[PDB]
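*Asks:* Sending over a structure as structure tokens; questions will come in a sec.
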Amino acid sequence: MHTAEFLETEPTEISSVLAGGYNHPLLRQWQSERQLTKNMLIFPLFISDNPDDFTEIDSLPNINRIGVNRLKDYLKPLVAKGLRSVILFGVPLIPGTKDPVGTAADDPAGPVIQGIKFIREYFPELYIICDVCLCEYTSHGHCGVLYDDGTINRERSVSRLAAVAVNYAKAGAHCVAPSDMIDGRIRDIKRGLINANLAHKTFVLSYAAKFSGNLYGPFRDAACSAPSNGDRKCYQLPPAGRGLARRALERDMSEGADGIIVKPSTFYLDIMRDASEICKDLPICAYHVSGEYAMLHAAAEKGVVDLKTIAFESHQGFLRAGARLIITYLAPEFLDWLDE
Amino acid sequence: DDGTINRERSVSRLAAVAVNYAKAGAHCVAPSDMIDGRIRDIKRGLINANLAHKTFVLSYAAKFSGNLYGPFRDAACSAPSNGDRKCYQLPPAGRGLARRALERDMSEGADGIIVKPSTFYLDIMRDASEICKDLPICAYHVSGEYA
Amino acid sequence: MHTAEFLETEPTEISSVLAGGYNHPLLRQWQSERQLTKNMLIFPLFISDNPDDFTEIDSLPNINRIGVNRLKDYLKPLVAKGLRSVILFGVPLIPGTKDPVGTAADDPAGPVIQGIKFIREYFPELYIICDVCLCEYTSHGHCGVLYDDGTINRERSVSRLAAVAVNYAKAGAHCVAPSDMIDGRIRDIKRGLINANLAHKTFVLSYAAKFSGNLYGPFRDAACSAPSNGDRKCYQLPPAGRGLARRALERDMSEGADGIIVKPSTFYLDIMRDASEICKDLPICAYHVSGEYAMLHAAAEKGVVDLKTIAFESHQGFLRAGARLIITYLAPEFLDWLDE
Amino acid sequence: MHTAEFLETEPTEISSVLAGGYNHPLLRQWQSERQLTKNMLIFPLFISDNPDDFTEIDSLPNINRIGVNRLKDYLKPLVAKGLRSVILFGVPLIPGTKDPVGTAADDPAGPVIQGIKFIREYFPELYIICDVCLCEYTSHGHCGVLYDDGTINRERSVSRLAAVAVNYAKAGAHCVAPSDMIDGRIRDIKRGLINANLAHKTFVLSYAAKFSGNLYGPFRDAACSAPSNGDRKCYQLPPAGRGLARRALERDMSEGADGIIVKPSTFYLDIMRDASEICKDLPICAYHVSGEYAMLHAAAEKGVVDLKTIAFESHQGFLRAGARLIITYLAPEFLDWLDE
Ligand SMILES: NCc1[nH]cc(CCC(=O)O)c1CC(=O)O
Ligand SMILES: NCc1[nH]cc(CCC(=O)O)c1CC(=O)O
Ligand SMILES: NCc1[nH]cc(CCC(=O)O)c1CC(=O)O
Ligand SMILES: NCc1[nH]cc(CCC(=O)O)c1CC(=O)O
Ligand SMILES: [Zn+2]
Ligand SMILES: [Zn+2]
Ligand SMILES: [Zn+2]
């Protein structure tokens, strides 16, 4: 008869015993290197050039394209729930706005600057972050100014990007986040802020590690910033490029970045860990991209996972990997969940 | 009797099982129990059975508790009863414990280590690549991630 | 009677047991830090100024000096077998071509640029690397412009080398590999590419660690680039110079190199390991030189070793030492071997 | 007309200039981390059980199988030339000597112990090293005692190996070098020496990093120690196994090794470098194996390289990689070369 066999054992080694550290709910909280708080949440906003807008973005569950006149009523509850910061994304829909040099990017009458002014007035305590790029304002849909061949033109690009960033800061943005990924733009932006006497009041949140991938889909729907005549594989880091990512982190830090953003998040947790070592003295931010966000929702609907559970798991993962800030579309949910 | 894991009896039983699989012909054994010090007993068992030189010990050194093991419980019908595995599997926020578990398993004889889940724990894989730099690291794309 | 003695033993220590990790064929593959793939192979090419050339190089078994008109038929099978990249070497044979400043180096009608144009046209998917130096175009046979005393003239040399490199890139080369070993040439080449607006499309593969030795023989036959009035012991690193090699690696990296090459390979595996630590974020390439290559062939003929076996052993050694790319004359063989 | 182009240059950067450190012959010597001296050379000896032997080993140029009665006249000149140490290898040719447990390994009447006694008497100042293994004394040709299945039997093996090592030391060997590569043999050998009260006088030179390869050929001819019924791929490290090699080095050191040997040499220079970091406080020895040695000779005959030149280059390479001792068949040559 097959019976249960038990091998002869040796006395337990103290070094084997780890269980004493997480056998209680409170202990699992104590084991966390960083605890998730409401003030680490950064909610993205898609401001449209139509002040009465409030359009739902198909590929982005529960997220819409808001116009200035609908901002107050939208923000009120969130701010009351503890929202401390937002990241602005402009979505100029009016025809004849987009061009080869992203002129509309810093248009004072544009959605971004209009949004900055509104928020600084209606929600003076909110921290305003502005994404800096040309992709949503270029006729070609690329992040910077191009060469006749269609390839990125570094010099003209960073020159234009620096202007945009300084202009947002001039309008009142507390922080600028260049997501272009073009070589040396951080240095030009920092120098520009210095020359404009705004470097002491403007936080530079660089998307130091932004990889190219299949997770930016839904975003291209909410802001209509899709490439034309190719992909961003030449500026955004290759998914397998750890060395380049590490070099980009060191570069951006050396160029003046006050903090860095890792995008995507979950799919690049190892890069977040690398960043926490290289940029140990700077705040690291995780960006839970549209694709990752939409992926969780899809899986949830399919019953593969539980929304709240996986959201907490994924977000706690960012903190474990070293991040202390999080840009997520789940901000509204967390402002609630963190209360309980 | 209280329902809590019994380390001694557990590793004693697990070691027997692992050695038996190797005796049957398995080239490698991967303990996914996550119970304190099972790697040492399994390695010692293989040594005593004269199979340690032919059996690769692939330890699930870093196995976190989470919401991604669902589908697996359907394919093998191995779902907990009267509680969860939160007392043996590492807490999602537990980086320190994970690092300590990696060092422990390595020191106990593991020939390679497995990180589970994968995608949701890429940072732990990176930690493992430094701590267990001389050993092969394996990623386990779990049912939940796959689904 | 002498009998076999067995000392009293103690229970086996777990820390002693390593055998569990490599007792199976698959395991020995899992133990490899990097696995050899077809796309890591870089095949050198010796383009002659005689379009109908196809001369065999005595000291270089199975290797010849090809002319443009024989390139198509030579490359076809290789590319079909998986060849992804080649490294061009010009061998201008026409008299009155060589001079004191290597004028012919970037001659648009020369073998290198002619080769670039041909390949970009007939094999558009092939990655083109060009070795950058003056040794094969100078009347004196040295790597750079000389002083009246015969000693290397840094300034004029790097100035000329930078021009050559930019010109190859202008012709269409995807990557440039300066093998001159002259102080600070990487910086001038990078700056030159920047000024020519080609730095974003040109990979700079620096021969950061190139030692002087007895293994470059056969090469001097295939390209006729032998020194005149001395040796290269003043620019190429001394075989015992580890400190200088480490300093050269850091220097080249800091000067803009995108990747580095270690030459020779087998005889300098320790330097490859040093490079994998210093230049951890950059791709490291091993160059299996003519002497090493010819040495394996000789030993094989003598029956000392087996060609295929030692080739795999030596090449796997490069990967073990940290390289992820390999320039070897055995490329054709590997394109076959890797299939089985 | 194509003219030589010279790009505009910037003032030379001090950090680019490395040339000032190796522009003179003496400087290239100063750049060496370690200089090659006669006392670092260890000459191998193949003692036969036929006292009047002096047979030439085909696959091993200029090397023979010597009997005790021919040892004096062979050693005299070498010792006079500066030879300070030798490594003994036994080659029992008498029939019925080899068996399943390598009984003859420590046979007092065997070549090794007979050699130790002779040398200690005729050349009292010579340092005697003995290779420790069973391969040359087993009927199966393997390094240790086997299981019925043909697989290595760790326990019985190290038990037998420890006895052999202690016996050689008892006979008068100053140092023992276990080249078996069987898990934990160093610990048993050290413990055995301790129990025999010889640990304070016996240097344990472990072949901590011994890889399996295609370079041990000629050796199997000089000592007739070739495997039977398989290869040594289960005990000797796989060529791609850097992790295992590093673990083996740490293990052997922790087990009592006083020094370590890296075999092969040239083909494993990166491992020598790894060893120089892990075993920084212990002397590292490079073993220029028969295959590597025969390879140099073959290439030399083929005119691919110059014997003396490549020998110096390869041997200086060991020192560069971190070794301070060298076991080489070129010892006789170096005892001459180092004089000039
Ligand atoms: N330069 C645009 C930008 N800045 C931030 C991410 C958006 C992240 C998301 O998809 O939610 C993107 C889109 C892109 O890179 O294509
Ligand atoms: N001890 C069971 C075991 N071993 C491997 C994973 C399966 C991974 C998967 O879900 O695909 C599980 C399930 C569990 O931990 O609940
Ligand atoms: N600057 C020429 C150059 N670039 C690459 C190596 C060729 C490597 C080989 O010999 O195969 C050489 C020859 C030299 O340094 O003498
Ligand atoms: N255990 C035998 C032993 N000890 C040293 C090397 C000899 C090195 C040489 O080939 O010169 C060998 C041979 C082997 O490993 O097959
Ligand atoms: Zn953009
Ligand atoms: Zn040259
Ligand atoms: Zn042996």
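Sequence order for the protein chains is A, B, C and D. For what it's worth, PDB author numbering labels the leading residue of the first sequence as 1, then goes sequentially. For what it's worth, PDB author numbering labels the leading residue of the second sequence as 148, then goes sequentially. For what it's worth, PDB author numbering labels the leading residue of the third sequence as 1, then goes sequentially. For what it's worth, PDB author numbering labels the leading residue of the fourth sequence as 1, then goes sequentially. C-beta atoms are modelled at their ideal positions from N, C-alpha and C, and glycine is treated no differently.
Where do the ends of the beta strand (DSSP E) carrying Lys210 (chain C) lie?
*Replies:* Its beta strand (DSSP E) spans residues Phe203 to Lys210.
*Asks:* Against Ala275 (chain C), what residues of chain B qualify as contacts under a CB-to-CB distance less than 7 Å, listed in chain order?
*Replies:* Result: empty, since nearest Cβ-Cβ is about 18 Å, beyond 7 Å.
*Asks:* Tell me the rounded alpha-carbon separation between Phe203 (chain A) and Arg187 (chain B).
*Replies:* Those two C-alpha atoms are separated by around 51 Å.
*Asks:* Going by beta-carbon coordinates alone, are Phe318 (chain A) and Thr266 (chain B) separated by less than 8 Å?
*Replies:* No, they are not a contact pair.
*Asks:* When the Cα of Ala177 (chain D) is compared with those of D:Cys135, D:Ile87, D:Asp99 and D:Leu93, which residue comes out closest?
*Replies:* Nearest option by C-alpha distance: D:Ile87.
*Asks:* What is the chain-ordered set of residues for which the beta carbon lies under 6 Å from any non-hydrogen atom of ligand 5?
*Replies:* Those residues, listed in chain order, are A:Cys133, A:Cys135, A:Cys143, A:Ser179 and A:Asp180.
*Asks:* State yes or no: is the C-beta of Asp252 (chain B) within less than 8 Å of the C-beta of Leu205 (chain B)?
*Replies:* No, Cβ-Cβ distance for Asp252 (chain B) and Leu205 (chain B) is not below 8 Å.
*Asks:* Mapping the DSSP letters down to three states, classify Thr138 (chain C) as helix, strand or coil.
*Replies:* Note: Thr138 (chain C) maps to strand in three-state DSSP.
*Asks:* How do the segment 136-147 of chain A and the segment 217-229 of chain A stand: do at least 3 beta-carbon pairs fall below 8 Å, yes or no?
*Replies:* These segments touch.
*Asks:* Would DSSP call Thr55 (chain A) helix, strand or coil?
*Replies:* The answer is strand: DSSP assigns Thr55 (chain A) an E or B state.
*Asks:* Could you check the C-alpha separation between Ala173 (chain C) and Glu125 (chain C) for me, to the nearest Å?
*Replies:* In a straight line, the C-alpha of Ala173 (chain C) is about 12 Å away from that of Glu125 (chain C).
*Asks:* Would you say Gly243 (chain A) lies against chain B (beta-carbon separation less than 8 Å)?
*Replies:* Answer no: the Cβ-Cβ gap between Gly243 (chain A) and chain B never drops below 8 Å.
*Asks:* Can you give the Cα-Cα distance for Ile94 (chain D) and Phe43 (chain D), rounded to whole angstroms?
*Replies:* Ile94 (chain D) and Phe43 (chain D): Cα-Cα distance of roughly 25 Å.
*Asks:* Are three or more beta carbon pairs between the segment 66-75 of chain C and the segment 111-120 of chain C nearer than 8 Å?
*Replies:* Contact holds: three or more Cβ-Cβ distances are below 8 Å.
*Asks:* Could you give the C-beta distance for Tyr293 (chain C) and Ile261 (chain C), rounded to a whole number, given that I count them as a contact under 8 Å?
*Replies:* No, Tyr293 (chain C) and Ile261 (chain C) are not in contact; Cβ-Cβ is about 16 Å, not under 8 Å.
*Asks:* Look up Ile119 (chain C) in the DSSP assignment and say whether it is helix, strand or coil.
*Replies:* In the structure shown, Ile119 (chain C) sits in a helix (DSSP, three-state: H, G or I).
*Asks:* Name the chain B residues whose beta carbon is nearer than 8 Å to that of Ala19 (chain C)?
*Replies:* Ordered by position in chain B, the residues that pass the 8 Å Cβ test against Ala19 (chain C) are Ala199, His200 and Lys201.
*Asks:* So, with DSSP's three-state summary, where would you put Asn64 (chain D)?
*Replies:* Correct three-state label for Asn64 (chain D): strand.
*Asks:* Give, in chain order, every unbroken run of the alpha helix (DSSP H) that is at least 4 residues long and sits entirely within the segment 152-201 of chain B.
*Replies:* Within the segment 152-201 of chain B, the complete alpha helix (DSSP H) runs of at least 4 residues are 154-171 and 185-195.
*Asks:* Where does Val304 (chain D) sit, in a helix, a strand or coil, going by DSSP?
*Replies:* Looking at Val304 (chain D) - three-state DSSP - the assignment turns out to be coil, as it is neither helix nor strand.
*Asks:* For ligand 1, is there a heavy atom less than 7 Å away from the beta-carbon of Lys263 (chain A)?
*Replies:* Yes - ligand 1 has a heavy atom lying nearer than 7 Å to the Cβ of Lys263 (chain A).
*Asks:* Spell out whether any CB of chain C is found under 8 Å from the CB atom of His288 (chain D).
*Replies:* Not one chain C Cβ lies under 8 Å of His288 (chain D).
*Asks:* May I ask you to check if the CB of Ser290 (chain B) is nearer than 7 Å to at least one heavy atom of ligand 2?
*Replies:* At least one heavy atom of ligand 2 is nearer than 7 Å to the Cβ of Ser290 (chain B), so yes.
*Asks:* Tell me which residue opens and which closes the beta strand (DSSP E) that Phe46 (chain A) is part of.
*Replies:* Segment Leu41 to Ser48, the beta strand (DSSP E) holding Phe46 (chain A).
*Asks:* Can you grab the Cα-Cα spacing for the pair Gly150 (chain B) / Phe89 (chain A), in whole Å?
*Replies:* Taking the straight line joining both Cα atoms gives about 53 Å.
*Asks:* Does any residue of chain C bring its CB to less than 8 Å from the CB of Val204 (chain B)?
*Replies:* With 8 Å as the cut-off, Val204 (chain B) counts as an interface residue toward chain C.
*Asks:* Taking 8 Å as the cut-off, decide whether the C-beta atoms of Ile326 (chain D) and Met1 (chain D) are in contact.
*Replies:* It is not a contact, given that the beta carbons lie outside the stated cut-off.
*Asks:* Say the cut is 7 Å; is the CB of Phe219 (chain C) nearer than that to a heavy atom of ligand 3?
*Replies:* Within the cutoff, so yes.
*Asks:* Run the proximity test for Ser212 (chain B): is its beta-carbon closer than 7 Å to any non-hydrogen atom belonging to ligand 7?
*Replies:* It does not: the Cβ of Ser212 (chain B) is nowhere closer than 7 Å to a heavy atom of ligand 7.
*Asks:* Looking at chain A, is there any beta carbon in it that lies within less than 8 Å of the beta carbon of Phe219 (chain B)?
*Replies:* No, its Cβ sits nowhere closer than 8 Å to a Cβ of chain A.
*Asks:* Report back the beta-carbon spacing between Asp306 (chain D) and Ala300 (chain D) to the nearest angstrom; my notes put them in contact at under 8 Å.
*Replies:* That pair is a contact at about 7 Å.
*Asks:* Over what stretch of residues does the alpha helix (DSSP H) that includes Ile94 (chain D) continue unbroken?
*Replies:* Taken as a continuous stretch (DSSP letters only), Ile94 (chain D) belongs to no alpha helix (DSSP H), as it is neither H nor E.
*Asks:* Using a Cβ-Cβ distance cut-off of 8 Å, determine whether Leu269 (chain D) contacts chain C.
*Replies:* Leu269 (chain D) counts as touching chain C.
*Asks:* Could you have a look at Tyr287 (chain C) and say whether DSSP puts it in helix, strand or coil?
*Replies:* Correct three-state label for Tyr287 (chain C): strand.
*Asks:* I'd like to know whether the C-beta of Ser159 (chain C) is nearer than 8 Å to at least one C-beta of chain D.
*Replies:* Yes, contact with chain D.
*Asks:* Give the residues from the segment 20-47 of chain C that approach chain B closer than 7 Å (Cβ to any Cβ), ordered along the chain.
*Replies:* Listed by position along the chain: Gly20, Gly21, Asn23, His24, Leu27, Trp30 and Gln31.
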